[PDB]
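Just the one chain here, laid out as structure tokens, in the form deposited in one PDB entry.
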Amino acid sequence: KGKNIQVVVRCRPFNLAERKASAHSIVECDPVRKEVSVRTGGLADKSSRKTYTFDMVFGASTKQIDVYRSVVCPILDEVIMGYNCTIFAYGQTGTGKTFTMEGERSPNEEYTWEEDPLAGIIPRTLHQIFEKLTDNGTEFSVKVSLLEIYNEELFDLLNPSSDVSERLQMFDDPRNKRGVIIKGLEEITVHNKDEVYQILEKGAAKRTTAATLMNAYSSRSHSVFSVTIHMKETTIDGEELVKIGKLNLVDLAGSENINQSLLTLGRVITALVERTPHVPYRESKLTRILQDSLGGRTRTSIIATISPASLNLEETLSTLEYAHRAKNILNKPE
């Protein structure tokens, strides 16, 4: 008892701009063999390709529901059992980190947020939480906070009584040693499924007001969306089980090459896989906050997003090489 960090790769399909220009892919996926092959240069007539094996692989045709049913539901269940799980998204801007985590809405109001097929991890997860706990006989309370880092300043994106210019501050919990205390960050209680949306949307709004202030805010900022569940399960025979589960959904700043947290994460990951005594957790806010998610007592997953365009070959390969090194990181949950 321990468990490796599981890494999945998700290629995005071509957009219309790429299709109208008869875009040809330099990427291939074999979910069955769990491999991703990349045409590192040359022709489809004859070429050289680089292959990588990950814990899971999802090609361009993969829909949100697929990702949720495969990687998220199983991790949500662990969370409901009373554990800590963290999921990430890593990749160059434009590859789908935000689609994956939050997703979007189908045009012309064709749908309600609960059935929108374009929904990503965050909302589908908040919807199931109520769907699975209200079902059985469990007393629970759910909580959410959306913390984001920009050039090492922390921003609270869900306090509708504050503005965002205000940075919050970080301190170490004298209680837990692999933890920090973020003074003032608000924790919004989601009383029921029909409250989930406005809460998200509000964060959407505060965010667009963050984009006006900070340059490239959506590309250079790290987003940590946390949902905390307090459950008091009473079995049918009548036993009381008091659990506390926490899930962190992190949308990292684009990997494309200033960002102290991005650089540190890579250095922390290097130390962990190279079994180096000192792990530079403290050299960045992101890594101190999420210290337990990297060689800690939390179940971690990294979803690496990539592009199929030949224009992004170089960045696509850095992302794979990076994600592939992560696989060797060891975590001990209980």
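We call the rigid core whatever largest set of C-alpha positions still superposes within 1.5 Å between the two forms. Each residue number is its position in the shown sequence, starting from 1.
Q: At a threshold of one third of the other compared entries, does residue 43 come out as unmodelled?
A: Per the records, residue 43 goes unmodelled in at least a third of the other entries.
Q: Given that the flanking residues are present, does residue 238 go without coordinates in at least a third of the other entries of this protein?
A: Yes, residue 238 lacks coordinates in at least a third of the other entries compared.
Q: I want to verify a possible break: how many residues of the deposited sequence sit between residue 257 and residue 258 without any coordinates (none, 1 to 3, 4 to 9, 10 or more)?
A: Count of unmodelled residues in between: 10 or more.
Q: Between 247-255 and 226-234, which has the higher average C-alpha B-factor in the PDB entry?
A: Comparing 247-255 with 226-234, the higher average CA B-factor belongs to 226-234.
Q: Mean CA B-factor: is it higher for 204-212 or for 166-174?
A: Mean C-alpha B-factor is greater for 166-174.
Q: Highest Cα B-factor in the deposition, which of 98, 159, 219, 261?
A: The record points to 159.
Q: Using the entry's values, work out which of 103, 82, 91, 117 has the largest Cα B factor.
A: When the deposited C-alpha B-factors of 103, 82, 91, 117 are compared, 82 is largest.
Q: Consider only the C-alpha atoms of the modelled residues in this chain, order them by B-factor as the entry records it, and name the third containing residue 29: lowest, middle or highest.
A: Highest third - that is where residue 29 ends up once the chain's C-alpha B-factors are sorted.
Q: Where does residue 87 sit by CA temperature factor within its chain: lowest, middle or highest third?
A: Its C-alpha B-factor, which the entry lists for residue 87, ranks in the lowest third among residues of this chain.
Q: Looking at the C-alpha B-factor of residue 321, is it in the lowest, middle or highest third of its chain?
A: Within its chain, residue 321 is a middle-third residue by C-alpha B-factor, going by the deposited values.
Q: Using the B-factor values recorded in the entry, state whether the Cα atom of residue 292 falls in the lowest, middle or highest third among the modelled residues of its chain.
A: Its C-alpha B-factor belongs to the middle third of this chain's values.
Q: Once the chain's modelled residues are ordered by C-alpha B factor and cut into thirds, is residue 330 in the lowest, middle or highest one?
A: Ranked within chain, residue 330 CA B lands in the highest tercile.
Note that the form deposited in another entry isn't included here; everything after this is about it.
Q: Would you mind telling me which residue of 75, 158, 252, 164 shifts its Cα by 2 Å or more between the shown form and the other one when the core is superposed?
A: The displaced C-alpha is that of 164.
Q: Honestly, after the rigid core fit, is residue 43 moving at least 2 Å at Cα between the shown form and the other one?
A: Yes; that C-alpha moves by at least 2 Å between the shown form and the other one.
Q: At a 2 Å cut-off on C-alpha positions, does residue 176 qualify as shifted between the shown form and the other one after fitting the rigid core?
A: Yes, because once the rigid core is superposed, the C-alpha of residue 176 moves 2 Å or more between the shown form and the other one.
Q: Determine, after fitting the two forms on their core, whether residue 189 shows a C-alpha shift of 2 Å or more between the shown form and the other one.
A: After core superposition, the displacement of the residue 189 C-alpha between the shown form and the other one stays below 2 Å, so no.
Q: Taking the shown form as reference, are the C-alpha positions of residue 44 and residue 56 brought closer or pushed farther apart in the other entry, with a change of 3 Å or more?
A: Farther apart, by at least 3 Å.
Q: Check residue 46 against residue 316 at the C-alpha atoms and report closer or farther in the other entry, compared with the shown form; the change is 3 Å or more.
A: Their C-alpha distance shrinks by at least 3 Å in the other entry.
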